[PDB]
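A.B. asks: Quick one: the structure is below, and I'll ask about it shortly.
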Amino acid sequence: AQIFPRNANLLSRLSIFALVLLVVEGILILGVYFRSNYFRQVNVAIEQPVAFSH
Amino acid sequence: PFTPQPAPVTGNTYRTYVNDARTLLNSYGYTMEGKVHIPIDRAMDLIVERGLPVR
């Protein structure tokens with residue numbers, strides 16, 4: 001009450017919760033990026049110089 | 001990137017020729033110009049029995 005508003009309690013608890021969620025989300029994004037199809041070039045039809053069709 | 005779904009092939013393909021020829025290669029039969037067919041693996045056995053000239 002001296003230097004903080006009433007909602008500071010909720011703000012601090014939500015900040016901790018959001019920080020944990022953000023760490024988990026960052027880990028998830030890193031893993032997904034490193035396991036993505038764009039990274040590993042999967043299901044991407046690479047264009048060929050002579051356009052051969054199997 | 002979703003796995004592509006290529007358009008299917010047209011009506012005419014090689015399967016008809018191969019299937020017809022594979023059916024013809026056995027089950028005996030009568031060719032138009034000649035007399036009689038011989039199943040594949042039977043003519044090959046005949047070829048080894050009579051043999052071929054060497055040297």
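By order of appearance in the structure tokens: chains A, B, ..., then residues from 1 within every chain, and ligands from 1 in the order shown.
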Using only C-alpha atoms, select each residue of chain A with any atom at most 12 Å away from an atom of chain B, and give the selection as a VMD selection string.

C.D. replies: chain A and resid 36 to 45 53 to 54

A.B. asks: Restricting the output to C-alpha atoms, write the selected residues as a short mmCIF file (atom, residue, chain, number, x, y, z; two decimals), in the first residue's frame.

C.D. replies:
data_model
loop_
_atom_site.label_atom_id
_atom_site.label_comp_id
_atom_site.auth_asym_id
_atom_site.auth_seq_id
_atom_site.Cartn_x
_atom_site.Cartn_y
_atom_site.Cartn_z
CA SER A 36 9.99 -28.79 -39.33
CA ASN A 37 9.47 -29.73 -42.97
CA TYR A 38 10.88 -26.42 -44.23
CA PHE A 39 14.12 -26.93 -42.30
CA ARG A 40 14.65 -30.50 -43.49
CA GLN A 41 13.15 -29.91 -46.97
CA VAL A 42 10.43 -32.55 -46.74
CA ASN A 43 7.41 -32.68 -49.08
CA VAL A 44 8.93 -29.84 -51.13
CA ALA A 45 9.04 -30.65 -54.85
CA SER A 53 8.67 -36.64 -64.53
CA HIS A 54 8.85 -40.11 -62.99
#

A.B. asks: As a tab-separated table (two decimals) with C-alpha atoms, in the first residue's frame, please: the residues near segment 36-49 of chain B (cut-off 7 Å, only C-alpha atoms, same-chain neighbours under 5 positions excluded).

C.D. replies:
chain	number	residue	atom	x	y	z
B	25	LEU	CA	3.56	-65.95	-72.91
B	26	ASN	CA	1.83	-68.97	-71.35
B	27	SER	CA	-1.38	-71.02	-71.71
B	28	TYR	CA	-0.32	-72.39	-75.14
B	29	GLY	CA	-2.55	-71.07	-77.97
B	30	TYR	CA	-2.50	-70.80	-81.74
B	31	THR	CA	-0.71	-67.95	-83.48

A.B. asks: Just list the residues in chain A DSSP gives helix (DSSP H, G or I) on the backbone, as a count of residues only.

C.D. replies: 31

A.B. asks: By how many Å are atom CA of residue 27 of chain A and atom CA of residue 13 of chain A apart?

C.D. replies: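 Value for the atom CA of residue 27 of chain A-atom CA of residue 13 of chain A distance: 21.7 Å.
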